[PDB]
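First comes the structure, then the notes that go with it.
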Amino acid sequence: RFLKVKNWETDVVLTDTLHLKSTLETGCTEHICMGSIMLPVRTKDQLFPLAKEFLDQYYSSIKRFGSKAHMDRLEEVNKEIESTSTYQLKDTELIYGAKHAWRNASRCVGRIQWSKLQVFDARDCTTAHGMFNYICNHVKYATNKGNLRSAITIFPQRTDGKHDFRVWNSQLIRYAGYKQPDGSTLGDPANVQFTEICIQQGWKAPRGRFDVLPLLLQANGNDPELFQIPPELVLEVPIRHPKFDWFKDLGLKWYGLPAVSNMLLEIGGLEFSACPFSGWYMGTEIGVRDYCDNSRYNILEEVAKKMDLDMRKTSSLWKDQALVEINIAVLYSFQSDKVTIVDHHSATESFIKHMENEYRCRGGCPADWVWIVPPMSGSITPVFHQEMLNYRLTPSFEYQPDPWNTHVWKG
Amino acid sequence: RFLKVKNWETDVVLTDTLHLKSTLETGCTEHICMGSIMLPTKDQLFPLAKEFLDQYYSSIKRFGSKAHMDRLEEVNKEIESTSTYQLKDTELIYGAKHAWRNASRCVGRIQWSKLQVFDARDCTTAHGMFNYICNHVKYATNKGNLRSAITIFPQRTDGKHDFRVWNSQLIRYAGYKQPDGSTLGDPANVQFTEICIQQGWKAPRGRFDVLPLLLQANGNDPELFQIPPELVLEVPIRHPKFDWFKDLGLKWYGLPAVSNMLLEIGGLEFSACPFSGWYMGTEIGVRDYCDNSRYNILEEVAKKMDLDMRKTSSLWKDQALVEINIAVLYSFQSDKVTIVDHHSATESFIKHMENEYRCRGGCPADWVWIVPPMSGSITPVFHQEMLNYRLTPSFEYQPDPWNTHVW
Ligand code: HEM
Ligand code: HEM
Ligand SMILES: Nc1cccc(CCc2cccc(OCc3ccc4ccc(N)nc4c3)c2)n1
Ligand SMILES: Nc1cccc(CCc2cccc(OCc3ccc4ccc(N)nc4c3)c2)n1
Ligand SMILES: C[C@H](O)[C@H](O)[C@H]1CNc2nc(N)[nH]c(=O)c2N1
Ligand SMILES: C[C@H](O)[C@H](O)[C@H]1CNc2nc(N)[nH]c(=O)c2N1
Ligand SMILES: [Zn+2]
């Protein structure tokens, strides 16, 4: 079976055969599309098929499918699974797995970079302090004094699910958010719950609007521990606007390194529950979502007052005007400070190039339109008019329950 | 199988049971989601009739009543004999309103019950169709106080006698390919503008030439008709700040009136059913004016704004796009022509979603289409999970007539 997708702006049509390799379910049926739903301890029984398929993938990619090294590797994994109930990935396999999990992340507009992922193997880590050390080195390497480099650090895989490694932070660098008794929030409202966990775990909060949160790190199933990232490792960019001199006076800054640490990396049936990864920001992630979402810093009002906009009726589009200016300021600040950032125009154009190239060399490119289209100016970016097929390939990054809702507390 | 949709901006969760009434298929499977794809006999007809009549008589709280049972028998007898059947006026109106109500891609459905249905099933000629359309256009225009309306032409019989309005919308601007290379007027309508010329139309070859109506009755060759200009309300586009904006020579028409869709009620197929409401502002300013495949004026606008068009990261397109859309709303509002902005229309849709989940058990919705083409995340629909499924009565796509019509 072949499936065509059309770009309605360019009439370019592409044929997807890769969706045939898709095993996991999407959430949709013939009768209901769940395309806009955010989200629609594994025994030897189902593990070796997962292992075999990954190794079939891996050896195909190195043009060694069916070789003796391929058969011997299957046999070695087979006996290791039936003996030890799990198995260990070679370093080659882990690196392939990590890059392909990103390559397969259908919601990621940044995937043109997928093959340039720096993989740090932290599977020898055993303690929270050791995790802190690995994470610090990740942040320093990824940050590279503003010339950001994609990287992932992979901590030991789940075994029996009672010994998980977890990074309890949603991102390695995030600002605290404090709920005040009067109902107002200080800092990042997205982070109130995690901030309160940190403070309860002993963190002394500065209680400012841009406090970098501590790392809360869980090794081998033990209770998490608090560590402060050294501030010299945390690259931040003060946000100013190239024409509005009062913008700097809004006191805004953001950190430079987007580093997701709450997802689960699945490779050949193995589950890597702590796998922080980082790339670089698309400008709208800060300018549109982090500052302008009603449930975040929500500076639209203040920026619109300072621009002296007609804020009485929404049909004045003061919101849209303030939104563009905030996003101009974010891009200008990062570029001025020589910190890697990409605007949503450049990123989507690259994604289209990437996606076309993937259809030719790989037979398709799973893409979640709902997530790929930027949250402002959607239809003047070329992905808006691109039809996309969404399906699930492994290796993959998956969501996993927040650790504070599942963790058994030692004391 | 009783599904919840969360709004992530507000944490409000609604439970959808309405989807279990879904009959038609979405194009998705458990292995592949097609949410972003544009378009993924006597025995068949009576179950369709029964289903529609069953919901009709339920909606008037006469389900299981003598009148219900008698109408079911009556339509059963008419199908057995005539191999089709005719809708009571009441069923036609319910059917039409509910096809809008079920239009999962329509952000405007909060208005669904206030639809003016014009029964044109007595129509037999293109001239007759023209009369019905003019009356529709004039009624719906209402001197700028727009009113929703649908006009319903005779249902399909054997597919050889189809009524079709060949225009995609009753009112659309012509599109001409220049010898130099590019396109004058509306590029979306170039092929149709050609068919009009290729059928006899005398084009002014301007930038905003109202296209003629190409009307097909009972399956005959379509016929050209100029909509009287006094019925086509147009809005000159000016900006409430930039006086040079008027010099772009832009205007747009007030009445969006879709004419190429197929309306299906109780298995009956209404291949000609032009309907109209009023514009959301982005439909003109984002899509009509700024799509690269359309009027594509962003460059010229940003030029007149003296924006740095040298790097995309200046967001000069975004800045210009906003001003254009500010002007569209300002122009329509200044000329007292009905229009809604994407913030107001999306806020209305969430309220409407709330109502439908409350009084009906759900509301089919296609996030990819409900989210406006600009400023997506600062509208409430962006953070709204939605379930997409196909309920009937429905508006459906149908082949373009010139690919089908036997001449
Ligand atoms: C290098 C530059 C990168 C850019 C510009 C980028 C861009 C984005 C953006 C904008 C999103 C949408 C997330 C949101 O709006 O909340 C996303 C999603 C995602 N990205 Fe990328 N990304 C980059 C690197 C990476 C890397 C290195 C990985 C993993 C190795 C990755 C994996 C993902 C995944 C798994 C998602 C899914 C998000 C989710 O499911 O919540 N990305 N990306
Ligand atoms: C009254 C105010 C209305 C508003 C503000 C509105 C708004 C919209 C918008 C913005 C779209 C997206 C289409 C596009 O971007 O090209 C749409 C789609 C649609 N609308 Fe509404 N509309 C209105 C009235 C109506 C009426 C009166 C009907 C039928 C009786 C209708 C039926 C539909 C259908 C079937 C679609 C699906 C379009 C498709 O599948 O291509 N709408 N609407
Ligand atoms: N340019 C860029 C590059 C890398 C990372 C980013 C941030 C955008 C992003 C990418 C990937 C994942 C991601 O977040 C996953 C997530 C978030 C919140 C959760 C809350 C609860 C839970 N159980 N899982 C969650 C998973 C964000 N941008
Ligand atoms: N506010 C507002 C109110 C009413 C209508 C509109 C215009 C938006 C709209 C609504 C419904 C349908 C529609 O377009 C249908 C269409 C377009 C192109 C086609 C090309 C080929 C084909 N076979 N079918 C097509 C159907 C647009 N706005
Ligand atoms: C590829 C995608 O299906 C296509 O661009 C859609 C996206 N969403 C849309 N949304 C609306 N409201 N109108 C459209 O024409 C489209 N086009
Ligand atoms: C309800 C909806 O699925 C949800 O709000 C999604 C929509 N699309 C998105 N797209 C991106 N890039 N990031 C997001 O957080 C979301 N949120
Ligand atoms: Zn789907």
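Chains as they are written, first to last, in full-length UniProt numbering: chain H, 299 to 338, 348 to 718; chain W, 299 to 338, 350 to 716.
Note that beta-carbon positions come from the ideal geometry of N, C-alpha and C, so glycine has one too.
A straight line joining the alpha-carbon of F579(W) with that of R380(W) spans about 21 Å. In the three-state reduction of the DSSP assignment, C505(H) falls in the helix class. Taking CB atoms only, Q478(W) has no neighbour in chain H less than 7 Å away.
Minimum Cα-Cα distance from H714(H) among the listed residues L577(H), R473(H), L624(H), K560(H) corresponds to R473(H). Annotation for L700(H): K319, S320, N411, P673 place their beta carbon closer than 7 Å to its own, counting only its chain and skipping 5 residues before and after. Looking at the DSSP output, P549(H) shares a beta bridge with no other residue. Residue pairing for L542(W): DSSP places it in no beta bridge.
For a cut-off of 8 Å, the C-beta gap from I461(W) to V416(W) is around 23 Å, too long to register as a contact. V649(H) and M695(H) do not touch by the CB rule: their CB atoms are close to 20 Å apart, not below 8 Å. One thing to note: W475(W) has its Cβ within 7 Å of the Cβ of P531(W). Following the DSSP letters along the chain, one finds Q364(H) inside the alpha helix (DSSP H) bounded by residues 351-368.
Residues of the same chain with a CB within less than 6 Å of the CB of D627(H), apart from the 5 flanking positions on each side, do not exist. Per the coordinates, the alpha-carbon of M614(H) lies some 8 Å from the alpha-carbon of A629(H). Among the residues facing chain H, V310(W) is not included, as its CB has no counterpart in that chain under 7 Å away.
Using a Cβ-Cβ cut-off of 9 Å, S491(H) is close to nothing in chain W; its nearest Cβ partner there is about 18 Å away. The Cβ atoms of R516(W) and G490(W) do not sit closer than 7 Å to each other.
Against chain H, the beta carbon of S622(W) has neighbours under 9 Å at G590, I635, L638, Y639, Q642, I648, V649, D650, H652, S653, listed in chain order. Where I459(W) is concerned, the enclosing beta strand (DSSP E) starts and stops at 458-461.
Interface annotation for the stretch 693-711 of chain W against chain H: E694, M695, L696, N697, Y698, criterion Cβ-Cβ distance under 7 Å.
Shortest gap from the CB of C599(W) to any heavy atom of ligand 2: 6 Å or more. One finds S686 in chain W with Cβ atoms closer than 8 Å to the Cβ of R596(H), taken in chain order.
Within the same chain, no Cβ atom closer than 8 Å to the Cβ of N451(H) is found once the five residues on either side in sequence are excluded. Beta-bridge partners of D314(W) (DSSP): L301(W). By the criterion of a C-beta distance shorter than 6 Å, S392(W) is surrounded in its chain by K351, once the five residues flanking it on both sides are discounted. Between ligand 3 and the CB of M336(H), the shortest heavy atom gap is not smaller than 6 Å. Just so you know, the alpha carbons of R514(W) and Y604(W) end up roughly 15 Å apart. In chain W, no part has a C-beta under 9 Å from the C-beta of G575(H); the shortest such distance is about 20 Å. Around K626(W), the beta-carbon contacts reaching into chain H at under 8 Å are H652, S684, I687.
Around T391(H), no beta-carbon contact reaches into chain W at under 7 Å, the shortest distance being about 32 Å. Assignment of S657(W) by DSSP, reduced to helix, strand and coil, places it in the helix class. Put simply, of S602(W), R465(W), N498(W) the residue whose alpha carbon is nearest the alpha carbon of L479(W) is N498(W).
Interface residue (Cβ-Cβ distance to chain W less than 7 Å): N601(H) is classified as such. Fully enclosed alpha helix (DSSP H) runs of no fewer than 4 residues occupy 625-643, 651-668 of the stretch 618-678 of chain W, in order along the chain. Sequence-ordered contacts of the stretch 319-336 of chain H with chain W read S320, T321, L322, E323, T324, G325, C326, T327, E328, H329, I330, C331, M332, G333, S334, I335, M336 [C-beta pairs closer than 9 Å].
Counting C-beta pairs with one atom in each stretch, the stretch 682-689 of chain W and the stretch 677-697 of chain H have three or more that are closer than 8 Å, which means they touch.
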